[PDB]
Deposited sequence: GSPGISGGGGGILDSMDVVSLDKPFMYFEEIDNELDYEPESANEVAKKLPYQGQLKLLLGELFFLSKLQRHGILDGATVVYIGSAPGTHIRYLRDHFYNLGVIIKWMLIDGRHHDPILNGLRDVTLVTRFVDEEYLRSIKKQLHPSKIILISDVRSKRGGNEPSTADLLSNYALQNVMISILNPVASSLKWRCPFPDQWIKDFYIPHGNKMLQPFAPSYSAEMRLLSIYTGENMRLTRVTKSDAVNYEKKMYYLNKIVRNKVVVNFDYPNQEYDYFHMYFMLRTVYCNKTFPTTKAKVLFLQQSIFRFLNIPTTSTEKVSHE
């Protein structure tokens, strides 16, 4: 068995302290081990992000504009969680695909069947006015050409919507398929437990102070680094059994999940962080129908 003792898990990209040459043979390995693992991946990251905003006092009273939300099954859990905590939030879920019917019938959640373009963003901005906007983007087109186009749309989302905070899908194109250098908003590169086995995707979390917008250039050399750091994390780290982690499941991803979940606010009072987390995890898995 592949055992190890860890203090904490890697929460952000910058923490990854080692790298490995990407082995293309990894692409043929099993990408997922849990049913609805993708909803789980999204749920934890977004619970993590939104709890932070709550902590900074910027969630309550906001309208969460989630673009690329469908099916959005896990979103029903997020909505219930904050709704039950007394946080006042309006959700606007926009995708050209259809949402899970469990999202219907909630006055606080508006489902829109539209593929957004810059012009549409302008109209919803004029229509949301003057509410404070929290943007979450998970739009998906593959090619580096597709990615760049997505990143370009996401930056137009921030410039038109002018949100107070944002969570953006972020996977750097592969160096061997480099097309051109580009800019992404500055933010924390949140790592994702339960991402596919060899995924290099993270979520870019940003909070917007002032009227400034800070971007950061991404070059092919950055792309080489992303590839090697993420390959190391996936191949080595995520394959560790954290034996000094006293928890029903000691696999790295649960250890990593524990650290995100410990930051979540509950109404119920618990005697230990461990009890809260077990509770939140049980709750999350039951909701998603994960054994």
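Give the ranges of the deposited sequence, numbered from 1, for which the structure holds no C-alpha coordinates, in sequence order. Residues missing from the model, as numbered along the full deposited sequence, span 1-15, 157-162, 313-322.
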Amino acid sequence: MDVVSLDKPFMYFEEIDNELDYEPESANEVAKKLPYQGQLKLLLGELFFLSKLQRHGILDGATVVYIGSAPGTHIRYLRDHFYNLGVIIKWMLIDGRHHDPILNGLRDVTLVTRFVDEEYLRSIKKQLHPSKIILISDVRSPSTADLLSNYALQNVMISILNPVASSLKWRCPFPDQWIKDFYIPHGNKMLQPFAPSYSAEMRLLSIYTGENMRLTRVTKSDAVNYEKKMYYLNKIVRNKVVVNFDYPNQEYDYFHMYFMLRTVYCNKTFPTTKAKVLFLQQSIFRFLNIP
From here on, numbers count along this sequence of modelled residues.
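Stretch exceeding the other in mean C-alpha B-factor - 180-188, 88-96: According to the PDB entry, the answer is 180-188.
Mean C-alpha B-factor higher for 56-64, or for 243-251? Higher mean C-alpha B-factor in the PDB entry: 243-251.
When you compare the CA B-factors of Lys229, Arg238, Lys41, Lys32 as listed in the entry, which one comes out on top? Of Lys229, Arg238, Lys41, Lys32, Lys32 has the highest C-alpha B-factor.
Could you tell me which one of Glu211, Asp108, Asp138, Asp80 shows the highest CA temperature factor in the PDB record? Answer for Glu211, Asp108, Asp138, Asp80: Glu211, with the highest C-alpha B-factor.
Third of the chain, ranked by Cα B-factor, where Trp170 sits: Within its chain, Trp170 is a lowest-third residue by C-alpha B-factor, going by the deposited values.
Splitting the chain's C-alpha B-factors into thirds, which one does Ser26 fall into? Highest third - that is where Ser26 ends up once the chain's C-alpha B-factors are sorted.
What third of its chain's C-alpha B-factors does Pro196 belong to: lowest, middle or highest? As the PDB entry reports it, the C-alpha B-factor of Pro196 lands in the lowest third of its chain.
C-alpha B factor of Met260, ranked within the chain: lowest, middle or highest third? Bottom third by C-alpha B-factor.
Relative to the other modelled residues of the same chain, rank the CA B-factor of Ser283 and answer lowest, middle or highest third. CA B-factor rank for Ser283: lowest third.
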